[PDB]
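Data from model.txt: compact mmCIF, C-alpha atoms and all ligand atoms
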# COMPACT_ATOMS: atom_id res chain seq x y z
CA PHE A 1 239.49 157.29 -146.98
CA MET A 2 242.73 155.44 -147.70
CA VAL A 3 245.48 157.26 -149.58
CA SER A 4 247.35 155.48 -152.38
CA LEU A 5 250.43 153.40 -151.58
CA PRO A 6 253.72 154.70 -152.99
CA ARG A 7 255.77 152.82 -155.58
CA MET A 8 257.33 149.78 -153.92
CA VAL A 9 259.82 147.17 -155.12
CA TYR A 10 259.38 143.67 -153.73
CA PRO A 11 259.23 140.03 -154.94
CA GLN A 12 256.18 139.26 -157.07
CA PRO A 13 253.78 136.91 -155.28
CA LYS A 14 253.55 133.53 -157.02
CA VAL A 15 250.03 132.28 -157.66
CA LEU A 16 251.16 128.70 -158.29
CA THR A 17 253.52 128.54 -155.32
CA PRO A 18 251.93 127.93 -151.91
CA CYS A 19 252.96 130.32 -149.14
CA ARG A 20 253.51 127.52 -146.62
CA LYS A 21 252.97 123.84 -147.43
CA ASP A 22 253.28 122.73 -143.82
CA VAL A 23 250.50 124.76 -142.22
CA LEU A 24 246.98 126.13 -142.73
CA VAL A 25 247.25 129.83 -143.60
CA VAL A 26 243.55 130.68 -143.96
CA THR A 27 240.51 129.61 -141.92
CA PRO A 28 237.29 128.16 -143.40
CA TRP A 29 235.71 131.61 -143.00
CA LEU A 30 238.56 133.18 -144.98
CA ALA A 31 240.46 134.79 -142.12
CA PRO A 32 244.23 134.65 -142.54
CA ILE A 33 246.22 132.65 -140.00
CA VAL A 34 249.38 134.64 -139.41
CA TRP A 35 252.63 132.69 -139.82
CA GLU A 36 256.10 133.91 -140.75
CA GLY A 37 256.35 133.88 -144.55
CA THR A 38 252.71 134.79 -145.19
CA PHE A 39 253.16 138.55 -145.07
CA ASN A 40 255.32 141.30 -146.52
CA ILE A 41 255.72 143.60 -143.53
CA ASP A 42 256.79 146.52 -145.72
CA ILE A 43 253.45 146.57 -147.52
CA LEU A 44 251.51 146.25 -144.25
CA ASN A 45 253.61 148.89 -142.48
CA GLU A 46 252.82 151.28 -145.35
CA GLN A 47 249.10 150.57 -145.21
CA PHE A 48 248.85 151.12 -141.46
CA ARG A 49 251.15 154.14 -141.28
CA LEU A 50 249.17 155.91 -143.99
CA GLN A 51 246.27 155.63 -141.54
CA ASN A 52 248.33 156.94 -138.61
CA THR A 53 247.30 153.84 -136.67
CA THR A 54 247.59 153.91 -132.87
CA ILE A 55 247.80 150.61 -130.99
CA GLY A 56 246.89 150.27 -127.34
CA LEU A 57 248.60 147.46 -125.42
CA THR A 58 246.92 146.53 -122.14
CA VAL A 59 248.39 144.48 -119.32
CA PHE A 60 247.36 143.79 -115.75
CA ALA A 61 250.05 143.69 -113.08
CA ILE A 62 248.62 142.83 -109.68
CA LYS A 63 250.54 141.80 -106.57
CA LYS A 64 253.83 140.06 -107.40
CA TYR A 65 253.17 140.37 -111.13
CA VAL A 66 254.48 143.94 -111.10
CA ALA A 67 257.92 142.34 -111.14
CA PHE A 68 257.37 141.27 -114.77
CA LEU A 69 256.75 144.80 -116.05
CA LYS A 70 260.36 145.87 -116.64
CA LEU A 71 261.25 143.03 -119.02
CA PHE A 72 257.81 143.09 -120.64
CA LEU A 73 257.97 146.80 -121.46
CA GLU A 74 261.68 146.82 -122.41
CA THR A 75 261.21 144.00 -124.90
CA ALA A 76 257.97 145.51 -126.21
CA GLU A 77 260.00 148.62 -127.05
CA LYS A 78 262.30 146.52 -129.22
CA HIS A 79 259.69 144.33 -130.91
CA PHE A 80 256.12 145.61 -130.57
CA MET A 81 254.71 147.81 -133.33
CA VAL A 82 258.01 149.66 -133.76
CA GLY A 83 257.47 152.62 -136.08
CA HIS A 84 253.83 153.05 -135.11
CA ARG A 85 252.06 154.95 -132.33
CA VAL A 86 251.72 152.81 -129.21
CA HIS A 87 249.93 153.55 -125.95
CA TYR A 88 250.63 151.15 -123.09
CA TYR A 89 247.97 150.77 -120.41
CA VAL A 90 249.23 149.19 -117.20
CA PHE A 91 246.46 148.30 -114.74
CA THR A 92 247.97 147.74 -111.31
CA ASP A 93 247.32 147.86 -107.58
CA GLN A 94 250.85 149.24 -107.07
CA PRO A 95 251.22 152.42 -109.20
CA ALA A 96 254.50 153.43 -107.54
CA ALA A 97 255.96 150.01 -108.32
CA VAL A 98 255.76 150.42 -112.09
CA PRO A 99 259.33 150.59 -113.46
CA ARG A 100 260.62 153.69 -115.23
CA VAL A 101 261.12 152.30 -118.74
CA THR A 102 262.57 154.42 -121.54
CA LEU A 103 260.20 154.65 -124.51
CA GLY A 104 260.85 155.49 -128.15
CA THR A 105 259.21 158.51 -129.76
CA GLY A 106 255.46 158.26 -130.41
CA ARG A 107 254.99 155.80 -127.58
CA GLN A 108 253.39 156.50 -124.22
CA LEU A 109 252.45 154.69 -121.04
CA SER A 110 249.50 155.25 -118.72
CA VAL A 111 249.27 153.76 -115.25
CA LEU A 112 245.72 152.97 -114.14
CA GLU A 113 245.20 152.00 -110.52
CA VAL A 114 242.72 149.24 -109.71
CA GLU A 115 236.04 152.50 -121.66
CA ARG A 116 235.19 155.54 -123.78
CA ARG A 117 238.80 156.53 -123.14
CA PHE A 118 240.06 153.72 -125.37
CA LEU A 119 237.63 154.72 -128.12
CA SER A 120 239.19 158.17 -128.30
CA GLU A 121 242.84 157.25 -127.72
CA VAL A 122 243.61 154.17 -129.80
CA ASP A 123 242.41 152.43 -132.96
CA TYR A 124 243.21 148.87 -131.89
CA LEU A 125 243.46 147.17 -128.52
CA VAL A 126 245.84 144.29 -127.82
CA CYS A 127 245.35 142.45 -124.54
CA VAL A 128 248.14 140.24 -123.17
CA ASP A 129 249.56 138.55 -120.07
CA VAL A 130 252.39 140.44 -118.36
CA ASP A 131 254.61 137.51 -117.33
CA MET A 132 255.97 137.41 -120.87
CA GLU A 133 258.70 138.93 -123.03
CA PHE A 134 258.89 139.81 -126.70
CA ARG A 135 261.69 138.02 -128.54
CA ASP A 136 260.90 138.92 -132.14
CA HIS A 137 258.69 141.06 -134.36
CA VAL A 138 255.04 141.52 -133.36
CA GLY A 139 253.62 144.15 -135.68
CA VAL A 140 250.68 145.39 -137.70
CA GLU A 141 250.29 142.01 -139.40
CA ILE A 142 248.10 141.12 -136.39
CA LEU A 143 245.75 144.10 -136.64
CA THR A 144 242.19 143.39 -137.75
CA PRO A 145 238.66 143.87 -136.31
CA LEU A 146 238.97 140.81 -134.05
CA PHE A 147 241.75 138.29 -133.52
CA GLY A 148 242.49 135.28 -131.35
CA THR A 149 245.77 133.37 -130.87
CA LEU A 150 246.29 129.61 -131.13
CA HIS A 151 247.18 128.08 -127.75
CA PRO A 152 250.67 126.52 -128.12
CA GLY A 153 249.56 123.35 -126.38
CA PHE A 154 246.62 122.54 -128.65
CA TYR A 155 247.33 123.79 -132.17
CA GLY A 156 247.81 120.23 -133.41
CA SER A 157 245.07 118.65 -131.30
CA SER A 158 241.62 117.43 -132.32
CA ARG A 159 238.66 119.44 -130.99
CA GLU A 160 237.81 116.50 -128.72
CA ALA A 161 240.99 117.20 -126.75
CA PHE A 162 240.42 120.97 -126.49
CA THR A 163 239.96 121.95 -122.85
CA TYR A 164 236.74 123.88 -123.53
CA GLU A 165 234.14 124.09 -120.77
CA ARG A 166 232.14 120.88 -121.27
CA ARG A 167 229.32 121.41 -118.75
CA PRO A 168 225.98 122.47 -120.37
CA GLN A 169 225.16 124.43 -117.21
CA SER A 170 227.88 126.94 -118.12
CA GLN A 171 227.50 129.81 -120.59
CA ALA A 172 230.96 128.86 -121.91
CA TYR A 173 229.74 125.36 -122.82
CA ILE A 174 230.99 123.90 -126.11
CA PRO A 175 230.06 120.32 -127.11
CA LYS A 176 232.58 117.77 -128.40
CA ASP A 177 231.45 118.15 -132.02
CA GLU A 178 231.94 121.93 -132.09
CA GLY A 179 235.00 124.15 -132.15
CA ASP A 180 237.49 125.49 -134.69
CA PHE A 181 240.58 126.10 -132.56
CA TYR A 182 241.57 126.52 -128.94
CA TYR A 183 242.45 130.17 -128.41
CA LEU A 184 244.61 131.59 -125.60
CA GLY A 185 243.07 133.93 -123.07
CA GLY A 186 246.46 135.61 -122.84
CA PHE A 187 246.67 137.22 -126.29
CA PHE A 188 243.68 138.63 -128.15
CA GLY A 189 242.62 141.96 -129.57
CA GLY A 190 241.09 143.89 -132.43
CA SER A 191 239.37 147.24 -132.90
CA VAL A 192 238.39 148.98 -129.68
CA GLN A 193 234.73 148.38 -130.55
CA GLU A 194 235.15 144.64 -131.14
CA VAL A 195 237.34 144.14 -128.08
CA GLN A 196 234.79 145.92 -125.89
CA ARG A 197 231.99 143.80 -127.37
CA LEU A 198 233.94 140.66 -126.51
CA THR A 199 234.76 141.71 -122.96
CA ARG A 200 231.17 142.87 -122.46
CA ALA A 201 229.84 139.51 -123.64
CA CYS A 202 232.22 137.52 -121.47
CA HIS A 203 231.60 139.74 -118.42
CA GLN A 204 227.86 139.12 -118.68
CA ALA A 205 228.29 135.38 -119.32
CA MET A 206 230.52 135.03 -116.26
CA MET A 207 227.96 136.83 -114.10
CA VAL A 208 225.27 134.37 -115.21
CA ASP A 209 227.57 131.45 -114.39
CA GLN A 210 228.40 132.89 -110.96
CA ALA A 211 224.72 133.36 -110.16
CA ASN A 212 224.20 129.74 -111.21
CA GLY A 213 226.97 128.60 -108.88
CA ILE A 214 229.39 127.50 -111.59
CA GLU A 215 232.86 128.62 -112.72
CA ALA A 216 234.22 127.74 -116.17
CA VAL A 217 237.11 125.26 -116.15
CA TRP A 218 239.59 127.81 -117.50
CA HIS A 219 237.77 130.97 -116.47
CA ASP A 220 238.06 133.90 -118.88
CA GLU A 221 239.80 131.72 -121.46
CA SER A 222 236.81 129.37 -121.55
CA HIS A 223 234.45 132.26 -122.22
CA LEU A 224 236.83 133.71 -124.81
CA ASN A 225 236.72 130.43 -126.70
CA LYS A 226 232.92 130.35 -126.65
CA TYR A 227 232.83 133.92 -127.96
CA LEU A 228 235.27 133.30 -130.80
CA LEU A 229 233.40 130.14 -131.74
CA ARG A 230 230.19 132.15 -132.19
CA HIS A 231 231.88 135.31 -133.55
CA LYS A 232 234.66 134.17 -135.89
CA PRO A 233 237.87 136.20 -135.60
CA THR A 234 238.93 138.10 -138.72
CA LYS A 235 242.54 136.94 -138.20
CA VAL A 236 244.02 134.09 -136.16
CA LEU A 237 247.59 134.34 -134.86
CA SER A 238 249.82 131.26 -135.05
CA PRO A 239 251.62 129.90 -131.95
CA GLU A 240 254.61 132.03 -132.98
CA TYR A 241 252.74 134.75 -131.09
CA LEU A 242 252.61 133.07 -127.67
CA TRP A 243 255.01 130.23 -127.02
CA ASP A 244 256.68 128.49 -124.07
CA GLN A 245 260.10 127.24 -125.16
CA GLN A 246 260.82 125.62 -121.80
CA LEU A 247 257.74 123.41 -122.00
CA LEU A 248 257.49 123.05 -125.80
CA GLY A 249 260.94 123.59 -127.28
CA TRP A 250 261.31 125.01 -130.78
CA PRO A 251 259.45 122.99 -133.49
CA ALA A 252 260.47 123.32 -137.14
CA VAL A 253 256.98 124.61 -137.90
CA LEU A 254 257.86 127.73 -135.90
CA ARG A 255 260.22 129.94 -137.89
CA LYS A 256 260.09 132.59 -135.18
CA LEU A 257 259.30 132.71 -131.46
CA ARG A 258 257.88 136.22 -131.04
CA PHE A 259 256.25 136.42 -127.61
CA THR A 260 257.12 133.92 -124.90
CA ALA A 261 256.53 132.95 -121.29
CA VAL A 262 259.19 133.93 -118.76
CA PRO A 263 260.84 130.95 -116.99
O1 LIG A 301 248.33 140.64 -112.29
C1 LIG A 301 248.23 139.75 -113.13
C2 LIG A 301 247.59 138.56 -112.81
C3 LIG A 301 247.47 137.56 -113.77
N1 LIG A 301 247.99 137.74 -115.06
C4 LIG A 301 247.83 136.68 -116.08
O2 LIG A 301 246.62 135.96 -115.81
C5 LIG A 301 246.97 134.59 -115.54
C6 LIG A 301 245.99 133.90 -114.59
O3 LIG A 301 245.90 134.58 -113.34
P1 LIG A 301 245.17 133.88 -112.09
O4 LIG A 301 245.37 134.85 -110.83
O5 LIG A 301 243.74 133.58 -112.34
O6 LIG A 301 246.02 132.55 -111.78
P2 LIG A 301 247.58 132.67 -111.38
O7 LIG A 301 248.21 133.93 -111.84
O8 LIG A 301 247.66 132.51 -109.78
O9 LIG A 301 248.30 131.37 -111.99
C7 LIG A 301 248.38 134.70 -114.94
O10 LIG A 301 249.03 133.43 -115.03
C8 LIG A 301 248.96 135.65 -115.97
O11 LIG A 301 249.13 134.97 -117.22
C9 LIG A 301 248.63 138.94 -115.39
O12 LIG A 301 249.10 139.11 -116.51
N2 LIG A 301 248.75 139.94 -114.42
CL CL A 302 244.75 140.60 -121.07
HG HG A 303 254.15 133.23 -148.93
HG HG A 304 242.11 144.74 -123.17
HG HG A 305 244.22 143.21 -120.76
HG HG A 306 232.18 135.46 -123.97
HG HG A 307 236.60 136.80 -122.68
MN MN A 308 250.88 133.95 -118.04
For this file, produce the structure as structure tokens.
Ligand SMILES: O=c1ccn([C@@H]2O[C@H](COP(=O)(O)OP(=O)(O)O)[C@@H](O)[C@H]2O)c(=O)[nH]1
Ligand SMILES: [Cl-]
Ligand SMILES: [Hg+2]
Ligand SMILES: [Hg+2]
Ligand SMILES: [Hg+2]
Ligand SMILES: [Hg+2]
Ligand SMILES: [Hg+2]
Ligand SMILES: [Mn+2]
Amino acid sequence: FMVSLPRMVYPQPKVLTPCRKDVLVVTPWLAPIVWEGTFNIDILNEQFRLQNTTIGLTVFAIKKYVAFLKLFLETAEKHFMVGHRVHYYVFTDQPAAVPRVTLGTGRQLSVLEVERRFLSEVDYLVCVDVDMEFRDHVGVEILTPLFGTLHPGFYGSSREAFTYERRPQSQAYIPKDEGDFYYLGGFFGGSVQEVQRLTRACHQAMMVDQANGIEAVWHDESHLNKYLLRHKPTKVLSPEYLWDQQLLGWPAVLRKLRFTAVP
């Protein structure tokens, strides 16, 4: 049951005025593609807060990657789901090496040394790489049953150029005439149920490949792409959500650089 929104004053949407004229804002299966200018964050914040939404953010920090945790967490505190309940899950082989980061109210962090837990603790799961930093708003506009993020190096490429696994012997195989987009393995998510279904599917597919003596060209990312090809995401995040300014600069098409690789 969703309670009614309160009175709100904002610009009236204009039916005869495109949101963006430079980019695709909706997929062929009617899933929005999230770009700056397509959403009113005040309306979305209201909708998700009225549901007391809790977002889980998972990251793996093994070996030398634990060094990226401080900046990652500090910047997440300034830009990730601010105003909403957030539960960070840091999977690491060095529990004592996790930095003591100060968190805002309603936000918590759990250190797990290296699934029903997620089902009872959070509503949505967001899975990202740790060698990154938030530089701008990353909020509830991304929440949906299942979402993928456009790889910054292939958003303008033809499917032929996508680095999908091209060997038929692999479970991640995708032929040259198939494919919608090339999604990043480093930023995906959705409801706990959908995220677990995806990881369960990929885990099994990778086991089959291993038994068959084959490893997908881009590992988990290759399997992720096969999954999202066969199970269309309900939202697709633009490259604003995972960019590399050092290698790609700052194109006009990107009004904001929200989550980026650390040099
Ligand atoms: O502890 C880790 C290890 C890896 N990664 C992410 O997973 C990617 C691929 O890891 P892999 O070990 O397969 O290759 P490598 O990290 O040596 O380039 C890394 O680049 C990161 O983006 C991470 O976030 N935490
Ligand atoms: Cl991840
Ligand atoms: Hg718009
Ligand atoms: Hg995850
Ligand atoms: Hg993860
Ligand atoms: Hg998969
Ligand atoms: Hg996957
Ligand atoms: Mn990375």
*asked:* Could you check the closest approach to residue A:134 for each of A:113, A:74, A:177, A:194 and tell me which residue wins, using all atoms listed in the file?
replied: A:74
So that each row is one residue of chain A with an atom at most 10 Å from ligand HG 306 (chain A), can you give its shortest atom pair and the distance in Å to one decimal, using all atoms listed in the file, rows by chain and rising number, as a tab-separated table?
residue	atom	partner	partner_atom	distance
A:171	CA	A:HG306	HG	8.1
A:172	CA	A:HG306	HG	7.0
A:197	CA	A:HG306	HG	9.0
A:198	CA	A:HG306	HG	6.0
A:199	CA	A:HG306	HG	6.8
A:200	CA	A:HG306	HG	7.6
A:201	CA	A:HG306	HG	4.7
A:202	CA	A:HG306	HG	3.2
A:203	CA	A:HG306	HG	7.0
A:204	CA	A:HG306	HG	7.7
A:205	CA	A:HG306	HG	6.1
A:206	CA	A:HG306	HG	7.9
A:220	CA	A:HG306	HG	7.9
A:221	CA	A:HG306	HG	8.9
A:222	CA	A:HG306	HG	8.0
A:223	CA	A:HG306	HG	4.3
A:224	CA	A:HG306	HG	5.0
A:225	CA	A:HG306	HG	7.3
A:226	CA	A:HG306	HG	5.8
A:227	CA	A:HG306	HG	4.3
A:228	CA	A:HG306	HG	7.8
A:229	CA	A:HG306	HG	9.5
A:230	CA	A:HG306	HG	9.1
A:231	CA	A:HG306	HG	9.6
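When only C-alpha atoms and all ligand atoms are used to measure the gap to ligand HG 304 (chain A), the shortest distance among A:129, A:42, A:77, A:160 belongs to A:129.
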_Selection as a PyMOL selection string: residues within 10 Å of ligand LIG 301 (chain A) by only C-alpha atoms and all ligand atoms_ = chain A and resi 58-69+90-93+127-132+185-187+218-221+261
*Choose the residue, out of A:166, A:256, A:49, A:116, that has the smallest atom-to-atom separation from residue A:238; count only C-alpha atoms.*
A:256
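Shortest atom-to-atom contact with ligand MN 308 (chain A) among A:124, A:72, A:155, A:1: A:72, counting all atoms listed in the file.
Minimum atom-to-atom distances from A:184, A:161, A:237, A:24 to residue A:258 were compared using only C-alpha atoms, and the lowest value belongs to A:237.
If only C-alpha atoms and all ligand atoms are the atoms counted, then among A:89, A:35, A:250, A:162 the closest residue to ligand HG 304 (chain A) is A:89.
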*Do you know which residues are at most 6 Å from stretch 138-147 of chain A counting all atoms listed in the file, after dropping those on the same chain fewer than 2 positions away, and could you put them as a list in words?*
residues 79, 80, 81, 188, 189, 190, 191, 233, 234, 235 and 236 of chain A
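Going from atom CA of residue A:153 over to atom CA of residue A:28, you cover 21.5 Å.
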Using 5 Å of padding on each side, determine the axis-aligned box around all atoms of stretch 103-119 of chain A present in the file and give its centre and edge lengths in Å to one decimal, as JSON.
{"center_x": 248.0, "center_y": 153.9, "center_z": -120.1, "size_x": 35.7, "size_y": 19.3, "size_z": 30.7}
